[PDB]
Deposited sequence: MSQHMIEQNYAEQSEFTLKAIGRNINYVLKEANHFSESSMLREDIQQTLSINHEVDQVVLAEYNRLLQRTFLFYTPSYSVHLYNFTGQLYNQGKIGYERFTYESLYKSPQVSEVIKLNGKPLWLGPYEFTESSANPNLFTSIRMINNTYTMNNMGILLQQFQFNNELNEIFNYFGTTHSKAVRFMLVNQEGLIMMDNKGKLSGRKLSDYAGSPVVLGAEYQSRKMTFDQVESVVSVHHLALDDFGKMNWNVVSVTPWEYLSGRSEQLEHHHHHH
C-alpha cells in the first residue's frame, strides 16, 4: 500500500490535469468560433453609442452566440472608446465599463496578443459576485476585449470522480494556485481559503508530483500535488492537490 498508492496517485493527478486542460481547450474553440463571426465584430467596431433598438438586436445576437454552449455563463464585449455589451445567465455580475477598461488584467491580455488569459475561481479580483466561475479574457480584432465567464463546477467534479474516486470517494481534490489560494474544493468547504491554513506541513506547490503524509483539516492524510503545465509568465499557475485519509491506506 506504500508505493502502490503513489503509483496510482501520480497517474490520477496527471489525468485530472489533462482533462482540465481539455475543458479549457473546448472553451477556447467555442470562443474562437464565436469571435470570428462577422456580425459579432461589426457592432463592436462601432465607436459610439447605438440606438436602443440596435442594442437589443445585438443583445439577442450575444445571447444566441454565447449562451447556448452549456458551461457558458456570461459575456462582456467592449472596446476602448466607451462601448460595452454584455449578456449572461441568471445571477451574472454586470461589470462596470470603468472596471473593465482599467482592470490590471487588461495589460496581461494585450501581451497575449489574441491568446486567452484564463483566471481560475477567486483569481479575477473584479469578479466578486460569483467567485466560483472561471474567466477567459482575450484581445479581439486591436479593437476590443472578449471577457467570458464559465460554470465548470459540474465538469471538474465529474473529472475528479471519474479519474480519482477510483480508490475512495473519501478523497478531497482541490485546484490550488501558486499563492496557495484554494480555487476549488470538491468537498465544497475550503473554496477561497489558504492551503497553508489547513495543511499541517508544507505542500510543495509547483512540483510535477510530490506526496507527503501530514495532518490536513483535522485528518491524518496523504497529500499529493501535481503542477499543471499551463502557466504563461506566471499566469494560470495551477496545481491539483489530493487529500486521502491515511486510514484508507493502512
- Item | Missing segments of the deposited chain sequence, listed N- to C-terminal | 1 to 5, 147 to 152, 262 to 274
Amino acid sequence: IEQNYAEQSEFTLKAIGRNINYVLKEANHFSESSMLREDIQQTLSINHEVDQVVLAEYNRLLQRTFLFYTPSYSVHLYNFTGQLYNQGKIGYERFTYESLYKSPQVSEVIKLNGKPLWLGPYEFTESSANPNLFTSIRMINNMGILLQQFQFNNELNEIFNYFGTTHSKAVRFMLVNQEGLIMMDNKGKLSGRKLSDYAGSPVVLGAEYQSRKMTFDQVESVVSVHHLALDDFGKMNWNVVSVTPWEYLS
From here on, numbers count along this sequence of modelled residues.
- Check the entry's C-alpha temperature factors for 230 to 238 and 6 to 14, then say which stretch has the higher mean. 6 to 14
- Item | Of 183 to 191 and 208 to 216, the one with larger mean CA B-factor | 208 to 216
- Residue set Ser31, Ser224, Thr70, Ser45, per-entry CA B-factor max assigned to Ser45
- Query: For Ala199, does the deposited CA B-factor place it in the lowest, middle or highest third of the chain?
  - Reply: lowest
- Ranked C-alpha temperature factor of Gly164 among modelled chain residues, by third: highest
- Name the third of the chain's ranked CA B-factors that contains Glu123, choosing lowest, middle or highest. lowest
- If you rank every modelled residue in this chain by C-alpha B factor, which third holds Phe152: lowest, middle or highest? lowest
- Task: Check where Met139 lands among this chain's C-alpha B-factors and tell me if it's the lowest, middle or highest third.
- Result: middle
